[PDB]
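Coming up is one lone chain in structure tokens, specifically the form deposited in one PDB entry.
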């Protein structure tokens, strides 16, 4: 339901408030439409996102993503996310999927936003399935209600993003692996959730911690399943010295030409989002690995990584 006269900010008490990030009453025209809109933070000072409540129409919406960045891709009420999400790095905060339980942030854990260094904008992206539901010209206000607090949290949430850049998938080629590997060189993080992302050619995605050549599974998923954040079975600590490794398995069957990494639907991606927390005084909010520093290491990758559901 659209807010109107009350607007998007609800004070929860002296130092907390709910921020409602909603579509400005939109009516799509085709199936598989991707809409985006941004909101600036109401506070300039630092703040912590400690909760997320999904406000989606159970019929219309397929998935929703929420990002933090400093330069949203465009001005304007809303836009097609083909124009982009953010010009700077979009830091994914939250994913809601239809047939997938979003899991809560553990208590005492929050994303750091605002201030001199934190994100100054939220970007919401809403993916609409069919318009068999808005066959009455409904304007839509779906989105996410975010819980913000100025109370510094004992543990800070973050994102370790593994992504391929150089993958090339030859047409009809049965199996192409994209491998990603960096060494972890920060204070300890604890992984509590993961999301995988791939386009139509991805069969399986897997992320491991490697410690003295010992593969410890973080997350393994079919990227053709809803792309939510799934919780980690057993919270996995990654510590200075470990190596994070990831593998996407691809096929080029049904393809006339080669497929590479890129933005469009006819391109591919190999993205594993590892959501972690750290002790506040050690914490950083985002790390990225785009290299493959131990290609020879992948010879001892568990078989599971090569076989799908």
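Take the two forms, find the largest set of C-alpha atoms that superpose within 1.5 Å, and that set is the rigid core. Positions refer to the first chain, counted from 1.
Another form exists, deposited in another entry; not displayed. Remarks below refer to it.
Residue among 51, 279, 267, 46 with C-alpha shift of 2 Å or more between the shown form and the other one, core superposed
Going through each option, the one that shifts is 267.
If we fit on the core, is the Cα of residue 77 displaced 2 Å or more between the shown form and the other one?
After core superposition, the C-alpha of residue 77 moves 2 Å or more between the shown form and the other one.
Comparing between the shown form and the other one on the rigid core, is the C-alpha shift at residue 172 2 Å or larger?
The answer is yes; the displacement is at least 2 Å.
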